[PDB]
Amino acid sequence: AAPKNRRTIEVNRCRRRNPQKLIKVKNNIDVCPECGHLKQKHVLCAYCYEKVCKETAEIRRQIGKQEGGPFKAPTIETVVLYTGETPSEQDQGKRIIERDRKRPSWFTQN
Amino acid sequence: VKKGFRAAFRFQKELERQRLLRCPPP
Amino acid sequence: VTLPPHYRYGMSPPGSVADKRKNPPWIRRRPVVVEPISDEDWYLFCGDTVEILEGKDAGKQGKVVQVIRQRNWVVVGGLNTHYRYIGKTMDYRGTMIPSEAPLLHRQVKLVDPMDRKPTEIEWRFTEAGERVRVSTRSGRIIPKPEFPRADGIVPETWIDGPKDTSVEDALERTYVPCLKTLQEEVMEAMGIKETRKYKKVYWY
Amino acid sequence: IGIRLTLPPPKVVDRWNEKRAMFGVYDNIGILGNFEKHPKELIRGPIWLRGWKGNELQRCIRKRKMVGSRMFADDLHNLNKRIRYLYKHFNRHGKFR
Amino acid sequence: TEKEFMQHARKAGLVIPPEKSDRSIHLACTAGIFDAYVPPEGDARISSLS
Amino acid sequence: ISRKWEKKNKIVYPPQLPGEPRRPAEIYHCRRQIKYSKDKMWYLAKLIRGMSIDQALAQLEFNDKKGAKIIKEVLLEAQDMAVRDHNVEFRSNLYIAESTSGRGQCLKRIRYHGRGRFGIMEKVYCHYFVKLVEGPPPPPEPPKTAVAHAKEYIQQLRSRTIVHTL
RNA sequence: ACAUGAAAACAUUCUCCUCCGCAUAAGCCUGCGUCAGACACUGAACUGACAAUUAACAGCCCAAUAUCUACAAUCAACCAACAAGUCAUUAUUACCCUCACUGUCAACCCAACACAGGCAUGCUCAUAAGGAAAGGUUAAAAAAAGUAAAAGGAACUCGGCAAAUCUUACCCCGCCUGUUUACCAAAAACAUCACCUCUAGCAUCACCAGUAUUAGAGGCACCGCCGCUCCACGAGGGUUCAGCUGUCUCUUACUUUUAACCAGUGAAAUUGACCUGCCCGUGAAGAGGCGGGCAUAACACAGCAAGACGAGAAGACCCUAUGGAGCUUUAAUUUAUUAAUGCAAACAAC
RNA sequence: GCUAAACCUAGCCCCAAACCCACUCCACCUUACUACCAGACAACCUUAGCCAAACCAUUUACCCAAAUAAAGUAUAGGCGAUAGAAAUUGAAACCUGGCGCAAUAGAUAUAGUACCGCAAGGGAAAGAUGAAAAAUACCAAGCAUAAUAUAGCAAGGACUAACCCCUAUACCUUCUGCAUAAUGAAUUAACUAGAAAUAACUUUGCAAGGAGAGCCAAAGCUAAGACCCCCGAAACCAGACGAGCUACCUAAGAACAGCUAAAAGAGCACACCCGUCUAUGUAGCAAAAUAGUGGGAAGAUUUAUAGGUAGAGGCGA
Ligand SMILES: [Mg+2]
Ligand SMILES: [Mg+2]
Ligand SMILES: [Mg+2]
Ligand SMILES: [Mg+2]
Ligand SMILES: [Mg+2]
Ligand SMILES: [Mg+2]
Ligand SMILES: [Mg+2]
Ligand SMILES: [Mg+2]
Ligand SMILES: [Mg+2]
Ligand SMILES: [Mg+2]
Ligand SMILES: [Mg+2]
Ligand SMILES: [Mg+2]
Ligand SMILES: [Mg+2]
Ligand SMILES: [Mg+2]
Ligand SMILES: [Mg+2]
Ligand SMILES: [Zn+2]
């Protein structure tokens, strides 16, 4: 089926500028208590999630380098250690990962 | 470009009238 | 030498980076009408002091540094100069230095070296037939000013290099005219002997 | 759109140049010269358009009959086609008979 | 259809005019003072002692 | 082409005598030749229209549309030169006055169809304009109350005359 | 309307597919090598610059004059053939210098495109090689594909079309076999062995390097009987037995794709202007626009196809044009053309 | 305020005058632009048709070499549409031109390039600053600024007041008659269509004469003014270009697993060739395809390369 007559700009304005066609204002936006960047109430903060992933990626890079080959998953627990750190009394018989960095403040040690 | 002068002259007066109406002098 | 038929000459030399950007191969602008001046009639040369007639600072004399015969343009160093910013970047404001503007051969007039006043000049021959330019009023000889040659060579301070032929060897003559070609003279010089003869072929 | 936004450059006409100041001179040479010359002989222009007038069809035959042998091959072909079309239009078409 | 823009622009500043040219930019003034003059300390008090 | 928006930042007003109040600062900024539809960008421009600069940035940051990040950078650089070059004291004391989109220069390409047919597709480009005015955003117009309807109806009844007579 | 399998240290690993892959020829001509300047920063199948494919493979050959060359191939041995075949020399003279030139890349060719099409040969017969159907979400209608189903089993329907199952018999037509309307007809149409009719007594480009058992032009369509039957066969047209099944009684459930929402890119037909309601009447005879009544804040999304005599090719169908074209002929006007005779010319022919 | 809008040159047309170009080197008729072998190979021959006579068979103007005049006369002609002489008469001359065009114009031309077509062939679009770039304001349409409030060819009469009241059946064209549900138009800009002086009329000059040889005249003769459109077929003929698709043929090549059988234009069944039926698709992946189901598949089979048959024709189970 083809249009019978050309739709006027007045009709198009009534349709395109309809209230439901407009973008609704979001009221679930708040500042992150830690870094001060905007975040949603139910969504993790972009700044803090991304900085955790980069540290996780660095540790995982150290994981593979110490691993040195696929299909060699260890059968023991793993604990990451930073500069100026020693194995704990409960940290025995578990794989040790050495990070050439200072332990982050948010990375609380158990 | 169309050769002629009267039409361009008439148009110039019309634009100046619009310019006068756009911001009338004190 | 790749120039469009209606190429416009500018301050930048043709083929330069600025000229290529200003005048792309696809550009087609209106040609600029220039009064034709014969080679013999032109009397403006580099290094000549010229008194400018019409300008923002009239009555001043200066030496022409560049001449453009295609547009009858004379550029005088330090005269008729506007201002522009050099080295403009997103972080630096730029360096302000003057820059000259073209002047027509009719906007300027040659000056008498002995009398600081513009004069009209005509071309006249000397006693030996060498061509010079003689002014209309208080006629005298105003020769072509000595100017640095384009290649930048200075014979007065030239030193021969390891691959430069000496003057005596270059100028001495060894050619003895005769009825022999280059090939046979060289062949007998090296002692090459060719007993076999060249048999006749058909040419068409 | 369709009109210039600036005034055209003014035009200067010399009403007293050589051609204008002496237009029409010698047009009465026959009357005042004992009829030794005709004003038609003063006509300067095409060979087939000297002291003669006619419609478009008549101008085509006159050009073909007098300078047709000297025309270019393409021009002669176009002239022949023009005569054929003009002959058909004038002798077979029109409101009046 | 094949028509496109004229996006052939190359970034160009004003640094060096083409070399091997007789014409060169004429400078009217120097960049900075030839010799730096260090003002003596206490010249404000010397102003009072005219 | 026309580039009047850029020149709107070069107009200078004469110095103001102490008698007259403070003239609020205004900044005209625009980004040209954005690979986006002007109709699609219109919705984002209307959304942030009339709101504060920082509230607009928060709304644009979490919007999924591609044009949202383009306007977000445009608003950010508009706020920068406002404080730096336009004598704006507080960078958060700004509100959006007008935001709109205009059609840019577009190319024409061929879209192939079946049976040897074709259709002329268009690579749409658009500009985005924004003006920032120093000061808190003006309050929105309150809804017209019932008493306002009452007086208006009375005024119409009181403004009627005897027509087609003396 | 179009897309990118998954996780991740972006090292790698995992899931799935191959009816593809490699090479050669043909074709094309630097067209995902390096550096720099839907998606895209390293962005890149875009632009600028630089780099490259090295001959043994292949292409590019042959002194002259005479003179030789009956016996296949098919493991070639048996056997059995017809359609009778795809490969050989010698005599004499002449003759002794040698490794030149070109092809060599790629994700590539013809299809207007990075097109589900077309495309020769040798290997691999499932890969040792080559690839990814899902951008994300929801699981409405409607549409497409697939699977399952109580009881019955063609009652559906022009028709057992489809699907399931893996059946039998009969009639009509055409011997079989093959061929055609490339793009609406694959047949009963055409060719076809066999049979019948007509014409021809013969050299040096067809017939034919042949000669009445031959050749050419045709009709019919084998065989057999004295116009008619008979085997076999047919994606040909009808009928039937049994079985089979969602064809149906009477539909239901599930899966995938389209679908709807979110983000990116983004067409086409169509469009006099529209502020585009219902009933009855009227009217160029079928009214949203005229008359009389009724209804009536504005506004988007998803469906529906009654109307807008809806849209798409001056459609098809009948009439006109002192408009065309194809075919036929005892339509009209001709023999210029060819052949055969007569006369003249020329000395039996030309 | 955005897509935009404006510009003056590039150059071209018609005349006058005057008779034009074609070997740096090297390569270039073979597959052109390819250094270097025994040949014989040759050009010349009435144009037709559309069209007009309202069909048509007959006929139908096409520079032929001095303008004018004789003259549209003598003649020719289905004596009709139309064609059309000669004798005789005899012409002037001083470019340095334009009441020609100005980027949808003027040559197609920025170029016979890009691009399409096997080939012959067809064939474009466009540029805009300034003395210096070694100085880098207002205007079509469409939108935005600024969506919408009962009711209706959207307007008019009005009114304090946008609407509310009353009145009013869009334009052109074709027909007796169209709001018509008969055609055409989405909108804007530019371009786009009435050509001729026989007679007659009007106005000057002269006048039984007019006219700058010829012609007319029983008030006429000379001069001037003023009337006759655009696009569109199916067709006909002449000369070239096409058999890389397809029809057929020639040369010399290649392919056909396995099983049953038998030395089969045999059977089942891959590769491969074909395309019976259904569904999907219908501007699609595709100007004929995909999925499934089918026929053939050692033969009148399929297929790669090179060559031949060309339109008054070829080829054709
Ligand atoms: Mg195609
Ligand atoms: Mg969709
Ligand atoms: Mg999806
Ligand atoms: Mg059942
Ligand atoms: Mg039944
Ligand atoms: Mg079936
Ligand atoms: Mg068959
Ligand atoms: Mg067919
Ligand atoms: Mg038959
Ligand atoms: Mg979308
Ligand atoms: Mg007829
Ligand atoms: Mg006819
Ligand atoms: Mg087999
Ligand atoms: Mg068989
Ligand atoms: Mg059928
Ligand atoms: Zn945070």
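Quick reminder, even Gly has a Cβ in these numbers, built from the backbone with ideal geometry, and neighbours come from all protein chains shown. Please treat every number below as a calculation from the coordinates, not as lab data.
Just a few scattered comments:
- One residue from F:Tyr153, F:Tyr128 being away from ligand 16 (no atom under 16 Å from the Cβ), away from chain E (no Cβ under 14 Å) and under 17 Å from the mean Cα position of the chain (by Cα): F:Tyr128
- Selected residue [under 30 Å from F:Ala58 (Cβ atoms) and among the basic types (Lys, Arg)] from A:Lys39, A:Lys65, A:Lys94, A:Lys72: A:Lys39
- Close pairs (7 angstrom Cβ cut-off, 6 or more residues apart or separate chains): touching a residue at least 24 places away in the same chain (Cβ under 8 Å) in segment A:42-71, within 12 Å of RNA strand G (Cβ to nearest atom) and not basic (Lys, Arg) anywhere: A:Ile59/A:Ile97; A:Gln62/A:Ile97; A:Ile63/A:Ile97; A:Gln66/A:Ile97
- Selection within segment D:31-50 - surrounded by 10 or more Cβ atoms within 10 Å (Cβ to Cβ), farther than 24 Å from D:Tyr87 by Cα and not basic (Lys, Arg): D:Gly33, D:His38, D:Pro39, D:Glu41, D:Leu42, D:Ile43
- In segment F:113-156, the residues that are within 14 Å of RNA strand G (Cβ to nearest atom) and either on the phi > 0 side of the Ramachandran plot or among the small types (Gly, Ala, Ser) (or both): F:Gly114, F:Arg115, F:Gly116, F:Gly119
- Within segment A:1-39, tally of residues that are more than 15 Å from RNA strand G (Cβ to nearest atom) and either closer than 20 Å to F:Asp64 by Cβ or among the hydroxyl-bearing types (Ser, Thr, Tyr) (or both): 7
Matching residues to (1) within 13 Å of ligand 16 (Cβ to nearest atom); (2) among the small types (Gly, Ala, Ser); (3) within 22 Å of F:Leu44 (Cα to Cα):
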| position | (1), (2), (3) |
| --- | --- |
| A:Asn12 | no, no, yes |
| A:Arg16 | no, no, yes |
| A:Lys24 | no, no, yes |
| A:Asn28 | no, no, yes |
| A:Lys39 | yes, no, yes |
| A:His42 | no, no, no |
| A:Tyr47 | yes, no, no |
| A:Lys51 | yes, no, no |
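- Among the numbered conditions (1) at negative phi; (2) part of a loop (DSSP other than H, G, I, E, B); (3) in contact with a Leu (Cβ under 9 Å, 6 or more places away or on another chain); (4) surrounded by 11 or more Cβ atoms within 10 Å (Cβ to Cβ), the only one that D:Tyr26 does not meet is (1).
- Search result, residues across segment C:85-109 that are closer than 18 Å to C:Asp57 by Cα and touching a strand residue (DSSP E or B) at 6+ places or on another chain (Cβ under 9 Å): C:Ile97, C:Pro98, C:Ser99, C:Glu100, C:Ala101, C:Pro102, C:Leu103, C:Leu104, C:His105, C:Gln107, C:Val108, C:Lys109
- Counting the residues of segment A:3-52 that are within 13 Å of another protein chain (Cβ to nearest Cβ), among the polar types (S, T, N, Q) and within 16 Å of RNA strand H (Cβ to nearest atom) gives 3.
- Cβ-Cβ distances below 6 Å connect the following pairs, each with a first residue in segment F:28-46 that is over 19 Å from F:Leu132 (Cβ atoms), a second residue that is in a helix (DSSP H, G or I) and near RNA strand G (Cβ under 9 Å from one of its atoms), and a separation of six or more residues or different chains: F:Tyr36/F:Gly67.
- Single residue of D:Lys53, D:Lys65, D:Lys40 found to be near RNA strand H (Cβ under 6 Å from one of its atoms), away from chain B (no Cβ under 14 Å) and under 22 Å from the mean Cα position of the chain (by Cα): D:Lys65
- Residues that are aliphatic (A, V, I, L, M) and surrounded by 10 or more Cβ atoms within 10 Å (Cβ to Cβ) are absent from segment E:29-40 altogether.
- For segment C:53-73, a residue qualifies if it is away from every other protein chain (no Cβ under 12 Å) and either under 21 Å from E:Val15 (Cα atoms) or among the aliphatic types (A, V, I, L, M) (or both), and the qualifying residues are C:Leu53, C:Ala58.
- Residue that is nearest to the other protein chains (Cβ to nearest Cβ), among those in chain B that are assigned to a loop (DSSP other than H, G, I, E, B) and surrounded by 10 or more Cβ atoms within 10 Å (Cβ to Cβ): B:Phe5
- A count restricted to segment C:10-52 and to residues that are more than 14 Å from chain E (Cβ to nearest Cβ) and closer than 30 Å to E:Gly13 by Cβ stands at 3.
- Annotation: F:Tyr125 fulfils all but one of (1) in contact (Cβ under 8 Å) with a residue 12 or more places away in the chain; (2) under 30 Å from A:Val43 (Cβ atoms); (3) surrounded by 13 or more Cβ atoms within 10 Å (Cβ to Cβ); the unmet one is (2).
- Residue satisfying all of: in segment F:108-121; surrounded by 11 or more Cβ atoms within 10 Å (Cβ to Cβ) and more than 10 Å from RNA strand H (Cβ to nearest atom); nearest to E:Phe5 (Cα to Cα) among these: F:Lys108
- Being more than 14 Å from RNA strand G (Cβ to nearest atom), surrounded by 11 or more Cβ atoms within 10 Å (Cβ to Cβ) and more than 12 Å from chain F (Cβ to nearest Cβ) is a property that does not hold for A:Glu55.
- Residue within segment A:89-104 that is away from every other protein chain (no Cβ under 14 Å) and within 16 Å of ligand 16 (Cβ to nearest atom) present: yes
- Scanning segment D:71-84 for residues that are within 21 Å of the chain's Cα centre (by Cα) and over 17 Å from D:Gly45 (Cα atoms) yields a total of 9.
- Segment F:84-112, residues that are more than 14 Å from every other protein chain (Cβ to nearest Cβ) and farther than 26 Å from F:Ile34 by Cβ: F:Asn87, F:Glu89, F:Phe90, F:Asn93
- For C:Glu122, the conditions (1) in contact with a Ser or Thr (Cβ under 9 Å, 6 or more places away or on another chain); (2) away from every other protein chain (no Cβ under 14 Å); (3) assigned to a loop (DSSP other than H, G, I, E, B) are fulfilled apart from (3).
- Count of segment A:67-95 residues, restricted to those that are farther than 24 Å from A:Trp106 by Cβ and of a type outside the set (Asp, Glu), is 11.
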